[PDB]
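Participant:
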Amino acid sequence: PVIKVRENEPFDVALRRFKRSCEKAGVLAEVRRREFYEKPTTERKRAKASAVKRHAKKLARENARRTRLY
Amino acid sequence: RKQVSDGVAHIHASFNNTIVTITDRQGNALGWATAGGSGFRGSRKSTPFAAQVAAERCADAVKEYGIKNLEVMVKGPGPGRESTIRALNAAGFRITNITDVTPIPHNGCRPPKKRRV
Amino acid sequence: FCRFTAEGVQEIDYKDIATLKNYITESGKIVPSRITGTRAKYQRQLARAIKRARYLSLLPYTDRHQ
Amino acid sequence: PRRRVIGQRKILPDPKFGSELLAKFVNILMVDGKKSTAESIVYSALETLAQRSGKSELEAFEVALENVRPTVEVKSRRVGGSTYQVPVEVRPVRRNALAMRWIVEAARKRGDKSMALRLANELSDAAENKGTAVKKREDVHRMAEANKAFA
RNA sequence: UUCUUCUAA
RNA sequence: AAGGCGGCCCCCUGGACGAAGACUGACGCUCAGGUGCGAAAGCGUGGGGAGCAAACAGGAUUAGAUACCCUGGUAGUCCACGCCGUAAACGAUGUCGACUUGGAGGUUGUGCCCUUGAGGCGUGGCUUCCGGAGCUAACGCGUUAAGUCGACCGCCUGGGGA
Ligand SMILES: [Mg+2]
Ligand SMILES: [Mg+2]
Ligand SMILES: [Mg+2]
Ligand SMILES: [Mg+2]
Ligand SMILES: [Mg+2]
Ligand SMILES: [Mg+2]
Ligand SMILES: [Mg+2]
Ligand SMILES: [Mg+2]
Ligand SMILES: [Mg+2]
Ligand SMILES: [Mg+2]
Ligand SMILES: [Mg+2]
Ligand SMILES: [Mg+2]
Ligand SMILES: [Mg+2]
Ligand SMILES: [Mg+2]
Ligand SMILES: [Mg+2]
Ligand SMILES: [Mg+2]
Ligand SMILES: [Mg+2]
Ligand SMILES: [Mg+2]
Numbered sequence: 031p032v033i034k035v036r037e038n039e040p041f042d043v044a045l046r047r048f049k050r051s052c053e054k055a056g057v058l059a060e061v062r063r064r065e066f067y068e069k070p071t072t073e074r075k076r077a078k079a080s081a082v083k084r085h086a087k088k089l090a091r092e093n094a095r096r097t098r099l100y
Numbered sequence: 027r028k029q030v031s032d033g034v035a036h037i038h039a040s041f042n043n044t045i046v047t048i049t050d051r052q053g054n055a056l057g058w059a060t061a062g063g064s065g066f067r068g069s070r071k072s073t074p075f076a077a078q079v080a081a082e083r084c085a086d087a088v089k090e091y092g093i094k095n096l097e098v099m100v101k102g103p104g105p106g107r108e109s110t111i112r113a114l115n116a117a118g119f120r121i122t123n124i125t126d127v128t129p130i131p132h133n134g135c136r137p138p139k140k141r142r143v
Numbered sequence: 019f020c021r022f023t024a025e026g027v028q029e030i031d032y033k034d035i036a037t038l039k040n041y042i043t044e045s046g047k048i049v050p051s052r053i054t055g056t057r058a059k060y061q062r063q064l065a066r067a068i069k070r071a072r073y074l075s076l077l078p079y080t081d082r083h084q
Numbered sequence: 007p008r009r010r011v012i013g014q015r016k017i018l019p020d021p022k023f024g025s026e027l028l029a030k031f032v033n034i035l036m037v038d039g040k041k042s043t044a045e046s047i048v049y050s051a052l053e054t055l056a057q058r059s060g061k062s063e064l065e066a067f068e069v070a071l072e073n074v075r076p077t078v079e080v081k082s083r084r085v086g087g088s089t090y091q092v093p094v095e096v097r098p099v100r101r102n103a104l105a106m107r108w109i110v111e112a113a114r115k116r117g118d119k120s121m122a123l124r125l126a127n128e129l130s131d132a133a134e135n136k137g138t139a140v141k142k143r144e145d146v147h148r149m150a151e152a153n154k155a156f157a
């Protein structure tokens, strides 16, 4: 996130630009992931539960798209 | 005191404390202040307000070196990740660069075990 | 919308930096296949080519190291 | 309450001055429903208060009222292992209500004989910016910036 | 932040 | 094959699959005993030792705290060569073969259409999810069966004691 302040730019623009690239490059969640040791059991289980979360919610959103509520 | 015009602001924003260090472009440090050194303790010193007065102390200590331009390297995750450079602008410094310099290994040394809290 | 499936190359060249600079980010990380839409056969070839161009100092490992 | 924001009741103005605020002050002074005595104490203490200052009774009351109005109070939140005193901004109605309570509460604690002597001396000191009522104003403000890290 | 246990038909 | 395998490069090397043919001619399947492989922890000898970390020490916490939390920290983790032969070694589902409605994918070949674009039509391998008949105590399984059958093996017989 090496960000140079452009010429005639307000500081609140560049700070908001700096928050954007750090969320883009994934810095805060990377260090928080490496703060403690995660077992290869815990890493394989959390990644598998993340896939079922991305899949059954896709099926729940499409099933709720069909039928009405009132 | 030798006057210097441009400078580098290192910010070591951890979870427990924020360390602000004004240095030159060579790494020879000019002055520093920490959030724990700003009259705060424990839960109070791990706050984004603690860092933005830590930047005010640190900018006051390099007043005599005559700094007008300053670029900022930011290291670590913390509450003073953002609130430091707001007050560091508020000292009257024309900002130049905001670089993110957190150390990221490519799965190097093993981190400690998880806190069973 | 994979580009390599359209142009049809048998193997991505690591020496073609200007192609490979369209697949790394500003901080030098390899852009995922979700974003560029690269078919996963060429994604393995592309990652194997970026890792070779990093070794020959044709691409940086990150934007920070110096 | 949980459910609704309420509609507050309307207060009469005082008979002497027509001020809504001074009649809010006589209610805070009033104990046991005896408004007639509390009407007499306020009108006796504010009589000698304007005597010491030469201004209007309504004008000189606000001067002592100005120096006891808090600007930021704190409140307990306690989301962690201990109590967090978060400094919350106080709305201008409660600013006026906390001030009149502190003047009355300080006027109970003085050692003068008459209550109107206890309250006129406290108002004359509050316009002079001393007394227990402005000391209560300080401890609220002192606890405010001692907890300004919480927001 | 810590925060245990309760027999008889 | 299972355990397992993750920068990049070279050397040696096993298996799978596909497309067309060519060829051998039942040469097959399973398997007691047997033999081989087999995570981590551990053991032996010799190295290595950054980080992490049992043990242990100190600090806290608490009624106590031989714990969780903290600050340290030794075997160990790493390498070579041996040994151990165990795990919730799990899909808690032995291997092999045949048949039985479908849908949405992933991955990896291959044929065809003018590739008139990343498309259109097929045809193989592997894999994920949902689900019909059927099955099942139910949960569910459901062409990768726990459906319908065949071959062979391993195993079960109330809970403790074990
Ligand atoms: Mg720690
Ligand atoms: Mg007991
Ligand atoms: Mg023949
Ligand atoms: Mg066999
Ligand atoms: Mg071992
Ligand atoms: Mg031993
Ligand atoms: Mg050993
Ligand atoms: Mg040894
Ligand atoms: Mg050591
Ligand atoms: Mg420890
Ligand atoms: Mg066993
Ligand atoms: Mg396993
Ligand atoms: Mg599994
Ligand atoms: Mg078993
Ligand atoms: Mg099903
Ligand atoms: Mg049956
Ligand atoms: Mg069967
Ligand atoms: Mg059954």
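Residue numbers (this note's numbering), protein chains in the order written: chain A, 31 to 100; chain B, 27 to 143; chain C, 19 to 84; chain D, 7 to 157.
By construction, the Cβ of each residue, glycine as well, lies at the ideal position given by its N, Cα and C atoms.
With a Cβ-Cβ cutoff of 7 Å, do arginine 124 of chain D and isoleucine 34 of chain D count as a contact?
Facilitator: No, the Cβ-Cβ distance between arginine 124 of chain D and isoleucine 34 of chain D is not below 7 Å.
Participant: One question on the structure: do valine 69 of chain D and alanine 133 of chain D come within less than 7 Å of each other, judged by their Cβ atoms?
Facilitator: It is a contact, given that the beta carbons lie within the stated cut-off.
Participant: Would you kindly work out how many angstroms separate the C-alpha atoms of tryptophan 58 of chain B and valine 79 of chain B, rounded to a whole number?
Facilitator: Near 12 Å, if we compare the C-alpha coordinates of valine 79 of chain B and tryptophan 58 of chain B.
Participant: Does the distance from the CB of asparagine 123 of chain B to the CB of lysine 34 of chain A come in under 7 Å?
Facilitator: For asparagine 123 of chain B and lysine 34 of chain A, yes; Cβs fall inside 7 Å.
Participant: Hey, is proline 70 of chain A's beta-carbon within less than 7 Å of any beta-carbon in chain B?
Facilitator: Judged by the 7 Å Cβ criterion, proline 70 of chain A is not in contact with chain B.
Participant: Can you name the residues of chain B whose CB is closer than 8 Å to the CB of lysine 154 of chain D?
Facilitator: What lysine 154 of chain D touches in chain B: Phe75.
Participant: Which residues mark the beginning and the end of the alpha helix (DSSP H) in which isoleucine 109 of chain D is found?
Facilitator: Looking at the DSSP string, the run of the alpha helix (DSSP H) that includes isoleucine 109 of chain D is 98-115.
Participant: Quick check on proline 93 of chain D: does DSSP put it in helix, strand or coil?
Facilitator: Correct three-state label for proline 93 of chain D: strand.
Participant: Counting only runs of 3+ residues fully inside the region 66-122 of chain B, write out the beta strand (DSSP E) ranges in chain order.
Facilitator: Fully enclosed beta strand (DSSP E) runs of 3 or longer: 95-101.
Participant: Which same chain residues, not among the five before or five after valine 127 of chain B, have their C-beta less than 7 Å away from its C-beta?
Facilitator: Only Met99, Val100 and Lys101 meet the Cβ criterion.
Participant: Measuring only the C-alpha atoms, how far is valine 82 of chain A from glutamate 79 of chain D?
Facilitator: C-alpha separation (whole angstroms): 48 Å.
Participant: Just jot down, in chain order, the residues whose CB lies closer than 7 Å to any heavy atom of ligand 1.
Facilitator: Per the Cβ criterion, the list is B:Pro138 and B:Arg141.
Participant: Beta carbons nearer than 8 Å to chain A: which residues of the region 30-52 of chain C have them?
Facilitator: The region 30-52 of chain C vs chain A, Cβ under 8 Å: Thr43, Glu44, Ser45 and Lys47.
Participant: Return the CA-CA distance between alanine 139 of chain D and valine 11 of chain D, expressed in angstroms with no decimal places.
Facilitator: Each residue's alpha carbon lies about 31 Å from the other.
Participant: Could you check how far apart the C-beta atoms of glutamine 61 of chain C and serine 51 of chain C are, in whole angstroms? I think they sit under 8 Å.
Facilitator: Right, the Cβ-Cβ distance comes to about 5 Å (below 8 Å), so this counts as a contact.
Participant: Starting from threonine 49 of chain B and walking both ways along the beta strand (DSSP E), at which residues does that stretch end?
Facilitator: 44-49 is the extent of the beta strand (DSSP E) around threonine 49 of chain B.
Participant: Below 8 Å, can you find three or more Cβ-Cβ pairs linking the region 70-79 of chain B to the region 148-155 of chain D?
Facilitator: With the cut-off at 8 Å, the region 70-79 of chain B and the region 148-155 of chain D touch.
Participant: If the criterion is Cβ atoms closer than 7 Å, does the pair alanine 29 of chain D and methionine 36 of chain D meet it?
Facilitator: Not closer than 7 Å, so no.
Participant: When the distance is taken between beta carbons, is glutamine 29 of chain B closer than 7 Å to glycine 92 of chain B?
Facilitator: Cβ atoms of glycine 92 of chain B and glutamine 29 of chain B: closer than 7 Å.
Participant: Could you tell me which of A:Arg47, A:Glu39 and A:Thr71 sits nearest to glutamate 108 of chain B, measuring between CA atoms?
Facilitator: Closest option to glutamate 108 of chain B, Cα to Cα, is A:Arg47.
Participant: Buried or exposed: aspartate 20 of chain D, going by 16 or more other Cβ atoms within 10 Å of its Cβ?
Facilitator: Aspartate 20 of chain D should be labelled buried.
Participant: On the three-state DSSP scale, how would you describe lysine 139 of chain B?
Facilitator: If DSSP states are grouped into helix, strand and coil, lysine 139 of chain B belongs with coil.
Participant: Short of 8 Å Cβ to Cβ, which residues in the region 91-124 of chain D face chain B?
Facilitator: Listed by position along the chain: nothing, the set is empty.
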